[PDB]
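Shown below, as structure tokens, is a lone chain in the form deposited in one PDB entry; questions about how it binds or moves come after it.
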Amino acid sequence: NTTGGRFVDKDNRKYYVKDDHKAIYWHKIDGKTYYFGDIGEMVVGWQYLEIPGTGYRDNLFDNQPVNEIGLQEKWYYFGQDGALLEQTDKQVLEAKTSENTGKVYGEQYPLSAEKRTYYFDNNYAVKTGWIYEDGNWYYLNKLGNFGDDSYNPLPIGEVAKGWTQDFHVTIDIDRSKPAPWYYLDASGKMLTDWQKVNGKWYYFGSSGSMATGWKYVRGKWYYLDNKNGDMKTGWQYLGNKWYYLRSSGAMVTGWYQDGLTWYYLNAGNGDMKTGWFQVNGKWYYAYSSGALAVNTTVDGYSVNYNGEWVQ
């Protein structure tokens, strides 16, 4: 909705001039959309810009005041004629690199020999976050790379691979909200259920998020590292209590013999018993190591070879 002007070629740049003024930022002109930066030069190709539509960066000319405004920046694609690609689904385009972004009409730059499928939101911006494609989930980076007073927005919108945290983010990471870990394979597909990664087992369930701590899966209990997620095995001291996990990771309950020694893991909680305890009417004593006492005396009471108390 900007009329009364005309495009102008001058000094190897292109502008839109009306009543002798230069257009700047966003403008809707005769069915298409263009962006002319801060001083009027029409942009082309990949651009990381403040979202249009609010009016604060729209329909403006260099002879008008430009207000302070905090608008998020996102990725957009413009044709070589300056027209914004108003895609709302997806399109295969030249990959955005460190040498084909932020260019203006008349500037010289290479065209990526590599192309990628880019997804877009309903407002023509490159889409970020989770997406569901052909039976699988994919994660499109929400953030670029940080580096001590440094930030590179290039990775944004790209398909994430490997271990990835899904932070809540607008202009910055919302550190108050949760940021679960996920794992996307070589083609970007999100993994589910049990998975062995870098020599260790992890559980991503049905939602994909990496489990931590105790987890009940298909009738058994597993303990995934509270912080790292990796599945534990063997003896583990958790919450001031001992537990024995099979090599499969599953928690053991009942009587267990380690070498020659017998231990009793609580039927309900699975925690190792110490002191005198009773099993199915019978009485037994386990030392502080959890080790069952056999054929000997304990503070006056005798126990046979099965550790059973005998009157």
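One-based numbering along the sequence shown. Take the two forms, superpose them, and find the largest set of C-alpha atoms that agree within 1.5 Å; that set is the rigid core.
S.K.: Please determine whether residue 172 lacks coordinates in at least a third of the other PDB entries of this protein that model its flanking residues.
M.R.: Residue status for residue 172: gap in at least one third of the other entries.
S.K.: Mind pulling up the entry and telling me whether 105-113 or 161-169 has the higher mean Cα temperature factor?
M.R.: Mean B over CA atoms: larger for 105-113.
S.K.: Taking the recorded C-alpha temperature factors, which stretch has the higher mean, 78-86 or 96-104?
M.R.: On average, C-alpha B-factors are higher across 96-104.
S.K.: Among 202, 119, 151, 223, where is the Cα B factor highest in this entry?
M.R.: If I rank 202, 119, 151, 223 by C-alpha B-factor, first place goes to 151.
S.K.: Using the temperature factors in the entry, find which of 68, 41, 50, 58 has the highest value at its Cα atom.
M.R.: Comparing C-alpha B-factors across 68, 41, 50, 58, the top value belongs to 68.
S.K.: Going by the CA temperature factor in the PDB record, which third of the chain does residue 242 belong to: lowest, middle or highest?
M.R.: It falls in the middle third of the chain.
S.K.: Among the modelled residues of its chain, does the C-alpha B-factor of residue 188 lie in the lowest, middle or highest third?
M.R.: Tercile = middle for this residue's CA B-factor.
S.K.: If you rank every modelled residue in this chain by C-alpha B factor, which third holds residue 45: lowest, middle or highest?
M.R.: Tercile = lowest for this residue's CA B-factor.
S.K.: Which third of the chain holds residue 145 when residues are ordered by C-alpha B factor: lowest, middle or highest?
M.R.: For residue 145, whose C-alpha B-factor we compare with every modelled residue in the chain, the answer is the highest third.
S.K.: Compared with the other modelled residues in the chain, in which third is the CA B-factor of residue 285?
M.R.: Its C-alpha B-factor, which the entry lists for residue 285, ranks in the lowest third among residues of this chain.
Separately, the form deposited in another entry exists; it is not shown, and the next lines address it.
S.K.: If I align on the rigid core, exactly one of 195, 145, 226, 117 should have its C-alpha move by 2 Å or more between this form and the one not shown; which residue is that?
M.R.: Shifted by 2 Å or more: 145 only.
S.K.: Can a Cα shift of no less than 2 Å be assigned to residue 258 between this form and the one not shown, given superposition on the rigid core?
M.R.: Shift of 2 Å or more: yes.
S.K.: Against the rigid core, is the Cα displacement of residue 286 between this form and the one not shown at least 2 Å?
M.R.: Passes the 2 Å threshold, so yes.
S.K.: Using the core for the fit, does the CA position of residue 276 change by 2 Å or more between this form and the one not shown?
M.R.: Yes, its C-alpha moves 2 Å or more.
S.K.: What direction does the residue 228-residue 148 Cα distance move in the other form compared with the shown chain, closer or farther, given a change of 3 Å or more?
M.R.: Relative to the displayed form, residue 228 and residue 148 move farther apart in the other form - a change of at least 3 Å between their C-alphas.
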